[PDB]
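Coordinates in review
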Amino acid sequence: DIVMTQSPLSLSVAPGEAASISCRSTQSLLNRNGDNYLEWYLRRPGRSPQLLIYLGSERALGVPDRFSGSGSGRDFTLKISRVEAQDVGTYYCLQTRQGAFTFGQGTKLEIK
Amino acid sequence: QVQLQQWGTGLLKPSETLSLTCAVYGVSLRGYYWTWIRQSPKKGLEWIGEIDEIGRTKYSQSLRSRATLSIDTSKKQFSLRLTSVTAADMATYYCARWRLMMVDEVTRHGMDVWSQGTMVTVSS
Amino acid sequence: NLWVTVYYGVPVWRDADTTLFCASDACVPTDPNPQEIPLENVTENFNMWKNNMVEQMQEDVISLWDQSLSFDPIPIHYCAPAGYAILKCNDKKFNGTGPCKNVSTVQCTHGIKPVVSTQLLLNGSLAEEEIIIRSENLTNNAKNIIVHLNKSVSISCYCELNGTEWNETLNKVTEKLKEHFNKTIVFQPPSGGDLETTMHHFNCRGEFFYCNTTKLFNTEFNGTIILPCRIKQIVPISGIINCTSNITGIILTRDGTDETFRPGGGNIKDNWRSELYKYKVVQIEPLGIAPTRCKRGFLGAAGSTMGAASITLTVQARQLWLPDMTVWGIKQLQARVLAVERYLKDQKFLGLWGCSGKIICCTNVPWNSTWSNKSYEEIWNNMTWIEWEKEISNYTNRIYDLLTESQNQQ
Ligand SMILES: *[C@@H]1O[C@H](CO)[C@@H](O[C@@H]2O[C@H](CO)[C@@H](O[C@@H]3O[C@H](CO[C@H]4O[C@H](CO)[C@@H](O)[C@H](O)[C@@H]4O)[C@@H](O)[C@H](O[C@H]4O[C@H](CO)[C@@H](O)[C@H](O)[C@@H]4O)[C@@H]3O)[C@H](O)[C@H]2NC(C)=O)[C@H](O)[C@H]1NC(C)=O
Ligand SMILES: *[C@@H]1O[C@H](CO)[C@@H](O[C@@H]2O[C@H](CO)[C@@H](O[C@@H]3O[C@H](CO[C@H]4O[C@H](CO)[C@@H](O)[C@H](O)[C@@H]4O)[C@@H](O)[C@H](O[C@H]4O[C@H](CO)[C@@H](O)[C@H](O)[C@@H]4O)[C@@H]3O)[C@H](O)[C@H]2NC(C)=O)[C@H](O)[C@H]1NC(C)=O
Ligand SMILES: *[C@@H]1O[C@H](CO)[C@@H](O[C@@H]2O[C@H](CO)[C@@H](O)[C@H](O)[C@H]2NC(C)=O)[C@H](O)[C@H]1NC(C)=O
Ligand SMILES: *[C@@H]1O[C@H](CO)[C@@H](O[C@@H]2O[C@H](CO)[C@@H](O)[C@H](O)[C@H]2NC(C)=O)[C@H](O)[C@H]1NC(C)=O
Ligand SMILES: *[C@@H]1O[C@H](CO)[C@@H](O[C@@H]2O[C@H](CO)[C@@H](O)[C@H](O)[C@H]2NC(C)=O)[C@H](O)[C@H]1NC(C)=O
Ligand SMILES: *[C@@H]1O[C@H](CO)[C@@H](O[C@@H]2O[C@H](CO)[C@@H](O)[C@H](O)[C@H]2NC(C)=O)[C@H](O)[C@H]1NC(C)=O
Ligand SMILES: *[C@@H]1O[C@H](CO)[C@@H](O[C@@H]2O[C@H](CO)[C@@H](O)[C@H](O)[C@H]2NC(C)=O)[C@H](O)[C@H]1NC(C)=O
Ligand SMILES: *[C@@H]1O[C@H](CO)[C@@H](O)[C@H](O)[C@H]1NC(C)=O
Ligand SMILES: *[C@@H]1O[C@H](CO)[C@@H](O)[C@H](O)[C@H]1NC(C)=O
Ligand SMILES: *[C@@H]1O[C@H](CO)[C@@H](O)[C@H](O)[C@H]1NC(C)=O
Ligand SMILES: *[C@@H]1O[C@H](CO)[C@@H](O)[C@H](O)[C@H]1NC(C)=O
Ligand SMILES: *[C@@H]1O[C@H](CO)[C@@H](O)[C@H](O)[C@H]1NC(C)=O
Ligand SMILES: *[C@@H]1O[C@H](CO)[C@@H](O)[C@H](O)[C@H]1NC(C)=O
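Rules used throughout
Residues numbered from 1 in each chain as written, not as in the entry; some residues may be left out. Chains lettered and ligands numbered in written order. Heavy atoms only, no water. Contact = heavy atoms within 4.5 Å. Buried area = accessible area lost by both parts, 1.4 Å probe. Salt bridge = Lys/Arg side-chain N within 4 Å of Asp/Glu carboxyl O. Polar contact = N/O pair within 3.5 Å; in protein donor to acceptor, adjacent residues only side chain to side chain. Helix = DSSP H or I, 4+ residues; strand = E, 2+ residues; numbered from the N terminus. Core = buried A, V, L, I, M, F, W, Y, C linked by side-chain atoms within 4.5 Å. Buried < 20%, exposed > 50% of the residue type's maximum accessible area, 1.4 Å probe, protein only. Near = heavy atom within 4 Å. Areas by Shrake-Rupley, 256 points an atom, 1.4 Å probe, with all protein chains shown as cover. Pairing = 2+ DSSP bridges. Axes fitted to C-alpha atoms, helices over the stretch in contact; angles between N-to-C directions.

Method of determination for the deposited model, per the PDB record: cryo-EM, at 4.05 Å resolution.

Quick notes on the interface of chain B and chain C
Taken together, the 12 residues of chain B in the interface contact 18 residues of chain C. Summing both sides of the interface, chain B and chain C together bury roughly 1300 Å²; the carbon and sulfur share of this comes to 58%. Ranking the residues of chain B by area buried against chain C places B:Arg30, B:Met102 and B:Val103 at the top, with a combined share of 36%. Linking chain B to chain C there are 1 salt bridge. With a closest N to O distance of 2.6 Å, B:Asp104 and C:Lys358 form a salt bridge. The tally of links between chain B and chain C comes to 4 residue pairs in polar contact. A per-element tally of the side of chain B that touches chain C places strand β9 (residues 98-102) of chain B first, with 4 residues.

Details of the nonpolar core
With 53 residues, the main nonpolar core has A:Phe103, B:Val103, B:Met111, C:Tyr7, C:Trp380 and C:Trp385 as its most contacted residues. Those residues in contact with C:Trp385, other than ones at most four positions away along the chain, are C:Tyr7, C:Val10, C:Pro11, C:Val12, C:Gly288, C:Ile289, C:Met306, C:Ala309 and C:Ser310.

Topic: the site of ligand 10
All names here are of chain C. The environment of ligand 10 is made up of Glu129, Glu130, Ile131, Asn150 and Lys176. At 3.5 Å, a backbone N or O of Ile131 approaches an oxygen atom of ligand 10. In this structure, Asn150 approaches ligand 10 through a side-chain N or O atom, which is 2.4 Å from an oxygen atom. In isolation ligand 10 has 360 Å² of accessible area, and contact with the protein removes 48% of it.

A few points about the site of ligand 4
Residue and element names in this part refer to chain C. Residues in contact with ligand 4, as listed here, are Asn95, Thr97 and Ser135. One nitrogen or oxygen atom from the side chain of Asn95 is found 2.4 Å from an oxygen atom belonging to ligand 4. About the coverage of ligand 4: the protein hides 32% of its 600 Å² of free accessible area.

Concerning the environment of C:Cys355
Of note, C:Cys355 is situated in the loop between α4 (330-352) and β23 (361-366). If we ignore the near neighbours within four places in the chain, the residues touching C:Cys355 are C:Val6, C:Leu350 and C:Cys361.

Comments concerning the sheet that holds strand β21 (residues 279-284) of chain C
Residues and elements named next belong to chain C. Strand order in this open sheet of 5 strands is β2-β21-β7-β9-β4, and the pairing throughout is antiparallel. Either end of the sheet is taken by a strand with one partner, and the two such strands are β2 (13-15) and β4 (36-38). Going from strand to strand, the sheet's axes swing by 40° on average, the running direction of each strand aside. In this sheet, strand β9 (residues 103-106) lies alongside strand β7 (residues 84-89) in antiparallel orientation, the contact comprising 4 bridges. Paired with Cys89 across the two strands is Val103, which belongs to β9.

And the structure:
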């Protein structure tokens, strides 16, 4: 039962530079030993969403190293080095700390 | 290469049970958490429930009243039923599969494989 | 920022050698209802020419024969002891050596009838799909070739044979050897100097039979085949004592225009490598190390994902079987004592560290970039326990010593 917040709601990012997504919660997500109970997912139009970031900031197989994550406790950030054709879509946070989970409103990312 | 397929109705009139089945091909059920996610056009994704392989279940308090989950290990399938579905409650779009690891806790990595999913509609 | 942690009971195995159990209905433990465990996504490299079952079963049959003080062969099983396992390569075209998939686990084996013969295989287990050629060195060697037949033949011994199946089987065998050997195949009698290993030796309810076979292998069946045969006199026109059996495999030997194969030859053990070729004895190693973020049927998981195998382990394994209230015997007692010592040694290793009897514990041993320069994802969600153990086995002693020192220094 955590109200979950993402920002900005809509993004307008030109190619060639990094793009940043901020993500905040209400109750602290830091684990006493685990890095973070937060995940980042991506959904493309008309496709099944896949995995980007799990359990803190370490990426998984299939990442082009172009996405990375950081943050702790209250503020979480995900940054993209380069945006050309396949990372355009919508980004979601995921709080997996306790009880009922909440994805929160997604962030739309496209190209000018 | 593991893949997920989904069977169900999709088109049903309001206020009865929506029963949907989902099968996995590529790996057994022994070491994962099989879960599903509601996908509303206005609410995005929302966690509905998860089941282990021995039948223990976890639900959400908002949907615990009228949702049931079950496993069939004979052919590696698993299904759900929602009683008295409503037009505003447009649920159970995608299947899923979470990864797991155990050190003094059942820690939860990210979920990797995604079913094609299905579209659910409710009549008047 | 990765810390060593210790798992006990992981499904990691390795090739080894040990003494097995008898099983029959000296060494007579009753055999109850058996079971089989499938495996997934695991590849096993089988090599039946370097197997270890053959010597054990040869020793056991020698002991049985010596105990004379009626001897119809009975299905005898060799049943693995506690702490070991029997792996079966169930591939359709498993020629005998090489990698194979769809390997399964059994608590222990199926019925084997100890029957001695040369130049022919009697009552043996049939093939599955096609004619199988078995040889350690097919291309060039003075080593015997074993031909395993899918179409059984009947024999009755003066041996009486139905020549139709013989003609069909020889046609099949020569066609099946055609692709391996370019020269035309022709069969010649052994041309040996004595009847010790160039004849048809077998036994029928205490009577020895040395039965000629030169009419079967020559450069037309013409109906029923009649074979002269002799009985071992102890210090004439006979040989029909209504003794019927099944021909299932052939032993052939190559020679150094056209290719010429000579039957017979070899020793008695190679009659027996043709029955235990599907099997391998393996030893479980229930201990492992793994890097994590923490700071402070027992084999179905093998072949699956790192984490999936990690989470499915439980405490159901009491130690490390089926029969009860019987006579142990020397071999079973030896195996059980060895297993108990191995379990006690593993418990001593756990007790020396901080696990103190628990399955998963964390220790104050920082990870290194030289034991493995692999990503955490790669380590913990995409590789089997067996491959990880094989990769890390080089530095296991150093890991153990560092763990002991760190635990002591605290
Ligand atoms: C680890 O070990 C497991 C177990 O042996 C292996 O899984 C086997 O191999 C694949 C999965 O990798 C399975 O084959 C897949 O089956 C799916 C479902 O099959 C149903 O539909 C077919 C349709 O004809 C029926 O024939 C069948 O009986 C089932 O009713 C298929 O949908 C998959 O098809 C894929 O390829 C076709 C192209 O041929 C595409 O069109 C499809 O969209 C899809 O992409 C696939 O055929 C197989 O069934 C598994 N065995 C068992 C017993 O279930 C893993 O492969 C193995 N892992 C590795 C890495 O080797
Ligand atoms: C490969 O596999 C085949 C299986 O088909 C083996 O052939 C068997 O060989 C054994 C050994 O001789 C045969 O055993 C015999 O059993 C007789 C009893 O037969 C009973 O069943 C028949 C069924 O029709 C009845 O008609 C009959 O009345 C019986 O009720 C015994 O009588 C034989 O001798 C025994 O008894 C006499 C006294 O009567 C003693 O003096 C002897 O010492 C001995 O104890 C004999 O034991 C068996 O019948 C064969 N099978 C078949 C189907 O006929 C092959 O032997 C095997 N290959 C090798 C190399 O072993
Ligand atoms: C993770 O392991 C899986 C199998 O366990 C690998 O999957 C296949 O691996 C082969 C050889 O490595 C490739 O030729 C295939 O293209 C792979 N298929 C898929 C769907 O991945 C996979 O490559 C491994 N991944 C990593 C990063 O090690
Ligand atoms: C059994 O089959 C395996 C492969 O299915 C054979 O192994 C390969 O054989 C070829 C041809 O002799 C060699 O060039 C390869 O180097 C072999 N690979 C390995 C890993 O051994 C094997 O030779 C076959 N054996 C028989 C008796 O047919
Ligand atoms: C199979 O047998 C052949 C024949 O002996 C082996 O080839 C010989 O290899 C030795 C080296 O050990 C050479 O000195 C000989 O000149 C080779 N002879 C021929 C005819 O090639 C071959 O190495 C064997 N292979 C296997 C897998 O056993
Ligand atoms: C020897 O075996 C052959 C093979 O079974 C027997 O020939 C068969 O005879 C039946 C009819 O009796 C036919 O339907 C089959 O097609 C024949 N098979 C072949 C391969 O020709 C033959 O009768 C047997 N002879 C003896 C004396 O046992
Ligand atoms: C097995 O049978 C062959 C039948 O050919 C025996 O060899 C023959 O022996 C006779 C004399 O005994 C010769 O006249 C033939 O020329 C031989 N033929 C061949 C092809 O060698 C052979 O002696 C028999 N084996 C035993 C042990 O008696
Ligand atoms: C694997 O072996 C089992 C053993 O019974 C068999 O049923 C199955 O058909 C085999 N499958 C393949 C793909 O070899
Ligand atoms: C050989 O054939 C006979 C007759 O069909 C059969 O009884 C026997 O079981 C066969 N041998 C084997 C090993 O199956
Ligand atoms: C036995 O193997 C040969 C190999 O070519 C094949 O032609 C024949 O059909 C097989 N017979 C059976 C009964 O499988
Ligand atoms: C028996 O073998 C001869 C040898 O070539 C062959 O010509 C003949 O066709 C065979 N008989 C059959 C197959 O019925
Ligand atoms: C007697 O021997 C003959 C061999 O010519 C064999 O066919 C028959 O089966 C034998 N008798 C019995 C009862 O088996
Ligand atoms: C890693 O191991 C090497 C040699 O095994 C050693 O020199 C080095 O100090 C180790 N690193 C750490 C951080 O302990």
